[PDB]
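Asker: Okay, here's the structure, questions in a sec.
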Amino acid sequence: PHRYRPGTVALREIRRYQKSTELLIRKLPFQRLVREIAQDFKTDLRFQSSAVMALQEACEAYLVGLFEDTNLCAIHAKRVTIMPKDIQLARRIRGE
Amino acid sequence: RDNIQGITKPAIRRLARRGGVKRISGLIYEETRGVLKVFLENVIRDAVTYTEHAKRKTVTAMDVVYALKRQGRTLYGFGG
Amino acid sequence: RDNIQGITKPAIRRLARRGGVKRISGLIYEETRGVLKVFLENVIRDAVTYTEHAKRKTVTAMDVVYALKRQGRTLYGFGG
Amino acid sequence: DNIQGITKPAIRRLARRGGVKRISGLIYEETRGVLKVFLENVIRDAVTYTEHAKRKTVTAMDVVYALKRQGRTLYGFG
Amino acid sequence: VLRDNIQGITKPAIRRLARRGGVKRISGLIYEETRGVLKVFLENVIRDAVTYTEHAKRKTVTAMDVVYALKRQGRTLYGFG
Amino acid sequence: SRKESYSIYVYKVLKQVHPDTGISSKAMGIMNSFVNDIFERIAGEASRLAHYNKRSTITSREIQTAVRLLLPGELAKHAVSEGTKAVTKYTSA
Amino acid sequence: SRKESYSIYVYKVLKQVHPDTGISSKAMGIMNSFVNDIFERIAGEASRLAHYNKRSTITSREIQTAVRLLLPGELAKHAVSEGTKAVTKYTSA
Amino acid sequence: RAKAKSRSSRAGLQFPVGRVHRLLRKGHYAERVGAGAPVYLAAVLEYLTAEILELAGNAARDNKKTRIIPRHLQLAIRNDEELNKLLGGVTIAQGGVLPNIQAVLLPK
Amino acid sequence: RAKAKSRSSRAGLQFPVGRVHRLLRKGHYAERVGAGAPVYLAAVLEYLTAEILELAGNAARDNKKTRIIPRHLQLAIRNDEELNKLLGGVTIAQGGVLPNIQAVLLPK
């Protein structure tokens, strides 16, 4: 059967997800995680349907931006694979 | 609890693909989970503080908008 | 619709024969159809504009005469 | 015989503005004839307008109208 | 008018600043990049300082105008009141 | 004696689109003749439409039809929109 | 209760810039938030500028200076002209 | 009593002069507000609003659509070198990212 | 006798509505002229003038100039597909031609 060489599909996916607009995190797992973390500060809290969506949009934007910055640091070392030290360097330089 | 495991590997791959990353090392997942957890913790502490000041019991979208606004990032589309 | 196919190949051949063309390549037909469509569209748009100004619903020969007259070609024998 | 006053270099420069890369040696006499024919039709009209007004001085407006009648409206000379 | 004074930021001073930062070895091209960066940095601060000065209708630039200009970018400087 | 040209109004508009730029007398002459050209075309077409319908007056309907005929498809939509806005504001003033 | 918004004004502007185009509800909510954002930034800077000069009243000079300080060069260059023209016409009325 | 006429009509603006004046008094930004401040601020907001809508509409027309959606606002803001400076710190829901790939990653 | 105010102000236009009205009556286009014809025509002429000046002013900055000259108008007209269709037959003095060379003429 026909088989694509390594990386052809990665580029196709890159184009697909750069052209799309939908959310990428599963709604239920995120909602359960939010309800779990909030329990340490105050018990029996309640959340409106739009608050979880606002938190999801902010978190997704933050991670996308951090990955964009990490990609520059990876190319600078003449590597292609991103590694934890690259994230650590980007975060240190950003002053987080 | 195990709820942190709900952010499966494919979701992280999709996020990395949107950022243009072509090849990803297998250790990036635990670091990404650690980075996300502290951000969520930071935002929720402020949101819950605003909720508690108002004597409410339900957390509304305005409290999240103000938390993000204090951290220095503005969100358009949910209110305010 | 398929009505553009109603200008069959023989009609194009007879028209080309009137102009003195002795030999015609097989690709000229689609170009001729495309060329005709834009002219008809241009004349009809003006005709319909004149008809609409008069509040009429039927398009008369005078509106076509005036459209051609504006494009710079005058037709003798139908009125005016 | 002042037609010789349109010198060859001027013709080459005009062909250059138009993007002509190479010019054959016979283009000059044809261009001279074409220019003379173009000028005659405009001058006859200009003179006609001048005479109708009973003026003796040819004016820019007369040339402006003469060009407009042939469809070559010229902007810039009032 | 001074036609040119930015040449007056000398190579030794730049080396000393890199030394305070812990830089051990410096490439020969760093000097012109550093001059360009410093000039770009100074233009942005001066434009605001002058803007406050003009708003106050004063003719003398004052330390406070620079303090407020720096504060707007988030670089509050302590020591000059 | 007293001449007549639109250079003043072209200047007022110029100071609204670009308040920091000026215009030379050579460009002003071309802009002055361009307006007289379009004015003559529109009045001409409006008069022909009015005569064919056997009407004694020229109204906004004639101007609109002429504008739709002379100006290309995209300019007509915008021009007609602001023309109707102007007429509406005047009639409601 | 009744909630105020600029939605009708945003729609009037859109109809003036593109009469044939429409706008979805999400875009209306975004524009309605963006307007309040810029409003708070300009009013904030005008407030700081008032105290440093011991003045008790906010005037057009404070707005002009705040606009020149916040917006980049070309945007400020045009906006200042818009405001000057608006105030001049209002006072002339 | 003369027939009332809105201040917006006098200035020729569309935005509400009264609402901006009310907001300026209620925000406690200062104890006194001059009459010219709201007209100027309304004019600036109207200019900026139309400046953004125009770019959005041109993008929408290129996309062959008739209704403006958040995607068109994102593409409009991120392609202008001056708007991107004023709105660098704002995130738009459902805006996505601009297509971009590093040349080193493309195949030989 | 109330204080007079110009019609151009009421419509919100810069061109002279009175002068256009006079020119229509003196042109013998028809024996009667309605009230709305001049306001509409003036608005159209103002629109077309503003579009031409805007494009010429943008072309001027690309040459670091501060004053408009005929060359910039020619470059603005021959570069727009709509204006070029309306002005296909008009000749502008001192305008020159647009730079263009057929690919067949360039070096091998």
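Nothing in this text is a laboratory measurement; each read-out follows from the coordinates by a stated rule. Because the Cβ atoms are built from the backbone with ideal geometry, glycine has one as well, and the counts that use them run over all protein chains shown.
Asker: Using a Gaussian network model of chain A whose springs link C-alpha atoms within less than 10 Å, name the residue from A:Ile75, A:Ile25, A:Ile14 with the highest mean-square fluctuation.
Answerer: A:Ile14
Asker: Under a point-charge model restricted to the Cβ atoms of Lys and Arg (+1) and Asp and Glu (-1), what is the dipole moment magnitude of chain B relative to its Cα centre, in debye to the nearest 20?
Answerer: Once rounded to the nearest 20, the dipole reads 360 debye.
Asker: Now for a different question. Let me know the Kirkwood hydrodynamic radius for chain I, please, with Cα pairs as the basis and the value in Å to one decimal.
Answerer: The Cα-based Kirkwood calculation yields 17.5 Å.
Asker: Against the empirical 2.2 N^0.38 Å scaling, what ratio does the C-alpha Rg of chain B come to?
Answerer: 1.37
Asker: With a length cut of 20 Å (Cα positions projected on each helix's long axis) and a Kyte-Doolittle mean of at least -0.5, go through chain C and give me the DSSP H helices that pass.
Answerer: C:28-53
Asker: Further, regarding this structure: What FRET efficiency comes out for the pair C:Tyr76/C:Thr32, r = Cβ-Cβ distance, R0 = 25 Å, nearest 0.05?
Answerer: 0.45
Asker: Give a quick list of trypsin sites (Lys or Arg not before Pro) in the stretch D:36-78 that DSSP marks as loop, anything other than H, G, I, E or B, with at most 11 other Cβ atoms within 10 Å.
Answerer: Sparse-neighbourhood loop trypsin sites (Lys or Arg not before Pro): D:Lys54, D:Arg55, D:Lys56.
Asker: Considering the convex hull of the alpha carbon atoms of the protein assembly as shown, report its projected area averaged over all viewing directions, in nm², one decimal.
Answerer: With every direction weighted equally, the projected area is 57.8 nm².
Asker: OK, next. With a sphere of radius 15 Å drawn around the Cβ of A:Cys73, what net charge do the other residues whose Cβ falls strictly inside it have (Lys, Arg +1; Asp, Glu -1)?
Answerer: +3
Asker: Please determine, in degrees from 0 to 90 and to the nearest 10, the orientation of helix F:7-17 with respect to the longest principal axis defined by the Cα atoms of chain F, where the helix direction is its Cα long axis.
Answerer: 80 degrees
Asker: Could you size up the charge dipole of chain I around its Cα centre, putting +1 on the beta carbon of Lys and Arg and -1 on that of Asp and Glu, and report it in debye to the nearest 20?
Answerer: 740 debye
Asker: Please report, in debye to the nearest 20, how large the charge dipole of the protein assembly as shown is about its Cα centre when each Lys and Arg carries +1 at its beta carbon and each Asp and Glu carries -1 there.
Answerer: 360 debye
Asker: Relative to the other copies, what are the label-point distances for F:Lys12, with labels 7 Å from Cα along the C-beta vector, expressed in nm at one decimal and sorted shortest first?
Answerer: Copy-to-copy label distances for F:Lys12: 2.3 nm.
Asker: How high is the relative contact order of chain E, in percent, counting Cα pairs under 8 Å that sit 6 or more residues apart?
Answerer: About 18 percent, as a whole number.
Asker: Ok, one more. Among residues other than E:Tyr31 whose Cβ falls under 10 Å from its Cβ, what is the net charge (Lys/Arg +1, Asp/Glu -1)?
Answerer: Taking every other residue near E:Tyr31 into account, the sum is +1.
Asker: Rounded to the nearest Å, what's the spacing between the alpha carbon centres of the stretch D:32-76 and the stretch H:48-108? Just the number, please.
Answerer: 55 Å
Asker: Here is a further query. Enter the Cα centre distance for the pair the stretch A:1-51 and the stretch G:76-93, rounded to the nearest angstrom.
Answerer: Measuring centre to centre over Cα atoms gives 49 Å.
Asker: Return the inverse of the average 1/r over all pairs of distinct C-alpha atoms in chain G, which is the Kirkwood hydrodynamic radius, in Å to one decimal.
Answerer: Averaging 1/r across every pair of different Cα atoms and inverting gives 15.7 Å.
Asker: Run the numbers on chain H and let me know its relative contact order in percent, using alpha-carbon pairs under 8 Å that are six or more apart.
Answerer: 17 percent
Asker: Quick one: in chain H, whose Cβ comes closest to the H/I rotation axis, and how close in angstrom?
Answerer: Nearest residue, distance rounded to whole Å: H:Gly12, 3.
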